[PDB]
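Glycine also receives a Cβ, built like all others from the backbone with ideal geometry; neighbour counts cover every protein chain displayed. Throughout, read-outs are computed from the coordinates displayed, never taken from laboratory work.
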Amino acid sequence: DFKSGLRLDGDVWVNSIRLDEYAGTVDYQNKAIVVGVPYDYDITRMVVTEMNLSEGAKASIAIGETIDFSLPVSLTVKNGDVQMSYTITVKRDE
Amino acid sequence: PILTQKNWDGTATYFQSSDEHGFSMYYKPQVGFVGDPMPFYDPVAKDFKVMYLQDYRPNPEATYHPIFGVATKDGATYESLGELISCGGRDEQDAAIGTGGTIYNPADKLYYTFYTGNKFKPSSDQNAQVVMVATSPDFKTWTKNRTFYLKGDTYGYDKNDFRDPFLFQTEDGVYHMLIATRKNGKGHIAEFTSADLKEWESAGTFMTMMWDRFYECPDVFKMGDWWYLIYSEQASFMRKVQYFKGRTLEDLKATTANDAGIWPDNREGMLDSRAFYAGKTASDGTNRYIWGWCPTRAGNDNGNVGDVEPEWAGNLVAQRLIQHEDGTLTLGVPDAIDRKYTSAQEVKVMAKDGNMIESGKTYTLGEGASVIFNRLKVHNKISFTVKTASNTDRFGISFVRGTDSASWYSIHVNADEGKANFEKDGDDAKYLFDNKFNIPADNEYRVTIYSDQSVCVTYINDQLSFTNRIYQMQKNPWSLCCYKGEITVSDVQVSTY
Amino acid sequence: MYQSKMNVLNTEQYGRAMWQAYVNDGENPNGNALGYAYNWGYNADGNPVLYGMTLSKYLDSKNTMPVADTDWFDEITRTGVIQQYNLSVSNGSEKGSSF
Amino acid sequence: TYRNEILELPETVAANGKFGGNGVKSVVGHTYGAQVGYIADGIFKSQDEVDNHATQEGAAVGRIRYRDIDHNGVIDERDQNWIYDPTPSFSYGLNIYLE
Ligand SMILES: [Mg+2]
């Protein structure tokens, strides 16, 4: 009688993602995903191999496409009618 | 409740008008303002789908450049297609999006648009501006090709000055993208050739610039038998729109190759005053229409034009390019805009201060003679013919004028200087700016002013085009004055809708 | 039973009213900075229309305050119970009376 | 039914209007607690209506239109009148008992 039916549950967490053959460490407090490369990897073409966020959650980034991670990339995860923003960054290890 | 109606027709008292958040003729969205236009012709729908940049007064500190599209069959009626290219992230290279271009490849039946993303507070080692591409299957939804990142420093061009990718296809079937960038501290329009819009080869430098200035939104096209490059000057002192002429593409390239300065005509290629910027053209196959943005004024005051440079963004203005037999280009009113005005309003004289005389519909004015007509409306079209005694007279048209009006904003067509000047008359007597044109040899002028809300475009004998932003103009009387010569005005007609 | 239940806006209605106020004032609704993201456009006449809306799941950066639709009046109200038990004994006579 | 009125009141009390009038006009000669305010004659629906109506601060499309009492062409503090009267015209009650 009062609910607007906007499916506010919306599990938008991100479990783990992997760029090519490198895993990423996810920090939820600042919504960050850090991926390190062994100080020689080409960081302009990385294929999004696998990612699992939650059930019914959709992300702007697809699977199988290659992206340039020379700069941090904003990723939007949408579940139902809610959305959540993350920053994916790749560092050349020093 | 009973509404009270004030007799607008009959009182010349100055009135404090107000503008609406949305405009009909000169399109402007109810939210925000339009920036640099992106004209485009759809080969499928056979119409004009012009994009633009959305600007807000409280812009976000990191990423402030939403992109919206405008669809229109002609230059009069416009509709909004909504947001097309979303603004980038805070740390993404496309946080701020610059002017670009758009082509429709029929090989894959896809619309490819190219834009310039500007990094927010970029680092020294990071390119400030990067050209990126987005693809659409039906001009409705757009996906940014994250695999494409064209860097200016790759080919030796400036990292912080790489703007305005204008894409066009020649007859041979290859596509060329022009970038108005800087090379070793010198302005250069660089050309990149491609055959599939995926691999680009730098074909050297397409053109050089003129006393190391900077141009904005270059556009190269062909009109019948001449090649024209139209651009907007980034210099604060000039801040206007200029163009060059050429018989062939090679001729245009050789033009002003190294400071040659071969101006297209005696007016140095002037087309409009500072109230018209980022003029870019597009053709439907029979007509050429140019879109620009008339800037607003700080504090909605016509007097405060703006030091150094005018305020960014404003109202979208569409004009029709006119080609003469000598290759000169002049701006004309669109036919749809001209035909939109249907109803006619009778005019009459309210003020008689100078020594003019009235003979039916024909009025003769001498030195210091000013005649004030009735109030205007939200949309107005004022057409009349002026015959001057000689080719050195100073007549003018003043808006925001009334019996008790302390100040009025005037446009004086000075034949001695062979130009027109927009100034703030009355208690200020301040000269704002000017625009040059060609004085007719028969001392005859056909003055037609098309005014939508606050924007007004004046055409003089199909040769002079003058754009102005005059607040409080609507529902206010307008006057005709003379200062040095003698004038005879006739065929005064006012049309509204 | 509580009958005078004031009809207040839910989450979606509140977001729609916020968007309408923003577009009426001419500002950008996405600048609300309240976790609301509005998908909206213009009609033929240029009047803004709101196709859809989305919300951030957590109202705070610490992810400690999830967004939800709450009926505050229903939460604070209930079905009240009233009990009454009275017992009176009177005894009257011409020589004396009591109650 | 009843009618209430105030006959005598100190000048300072009438001026500050703690007993009615909102500090604008003296409550003397009116019902206790009566308030003085503006008059809302609908809302503006077009810029033509806004221009036709007398000038006022903050006038815009979709805003409240205030009547000009003195017909001076401007809406100010002088365009106020008695509008609130906290006295019912009549109060009635009915009791029905059927056996
Ligand atoms: Mg008044």
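So the values come out like this:
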{"item": "Any hit, the range B:425-448, residues being in contact with a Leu (Cβ under 7 Å, 6 or more places away or on another chain) and not in a strand (DSSP E or B)", "result": "yes"}
{"item": "Residue among C:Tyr2, C:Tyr22 that alone is hydroxyl-bearing (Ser, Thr, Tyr) and not in a loop (DSSP other than H, G, I, E, B)", "result": "C:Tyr22"}
{"item": "Conditions (1) within 29 Å of the chain's Cα centre (by Cα); (2) under 23 Å from B:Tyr459 (Cβ atoms); (3) surrounded by fewer than 18 Cβ atoms within 10 Å (Cβ to Cβ): number failed by B:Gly426", "result": "(2)"}
{"item": "Residue satisfying all of: in the range C:32-51; of a type in the set (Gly, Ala, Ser) and either exposed (fewer than 11 other Cβ atoms within 10 Å of the Cβ) or more than 25 Å from the chain's Cα centre (by Cα) (or both); farthest from the other protein chains (Cβ to nearest Cβ) among these", "result": "C:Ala33"}
{"item": "Residue that is surrounded by fewer than 21 Cβ atoms within 10 Å (Cβ to Cβ) and at the interface with chain A (Cβ under 10 Å from one of its Cβ atoms), where the choices are B:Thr135, B:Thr143", "result": "B:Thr143"}
{"item": "Which listed residue is more than 10 Å from chain B (Cβ to nearest Cβ) and either farther than 11 Å from A:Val12 by Cβ or among the β-branched types (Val, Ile, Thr) (or both), from A:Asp40, A:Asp68", "result": "A:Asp40"}
{"item": "Residue among D:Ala40, D:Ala60, D:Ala54 that is of a type in the set (A, V, I, L, M, F, W, C) and within 13 Å of the ligand (Cβ to nearest atom)", "result": "D:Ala54"}
{"item": "Filter pass, D:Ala34 being more than 16 Å from the ligand (Cβ to nearest atom), at negative phi and crowded, with 16+ Cβ neighbours inside 10 Å", "result": "yes"}
{"item": "Filter result for the condition that a residue is away from chain B (no Cβ under 14 Å) and without any contact (Cβ under 8 Å) to a residue 60 or more places away in the chain, over A:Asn79, A:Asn52", "result": "A:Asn52"}
{"item": "Restricting the range B:1-36 to residues that are surrounded by fewer than 22 Cβ atoms within 10 Å (Cβ to Cβ) and among the small types (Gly, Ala, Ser), the residue that is nearest to the other protein chains (Cβ to nearest Cβ)", "result": "B:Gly22"}
{"item": "Selection from the range D:71-98 of residues that are away from chain B (no Cβ under 14 Å), within 16 Å of the ligand (Cβ to nearest atom) and of a type in the set (S, T, N, Q)", "result": "D:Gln80, D:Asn81"}
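Residue by residue, here is whether (1) assigned to a strand (DSSP E or B); (2) over 20 Å from the mean Cα position of the chain (by Cα) holds:
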{"residue": "B:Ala257", "(1), (2)": "no, yes"}
{"residue": "B:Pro264", "(1), (2)": "no, no"}
{"residue": "B:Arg274", "(1), (2)": "no, no"}
{"residue": "B:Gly279", "(1), (2)": "yes, no"}
{"residue": "B:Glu311", "(1), (2)": "no, no"}
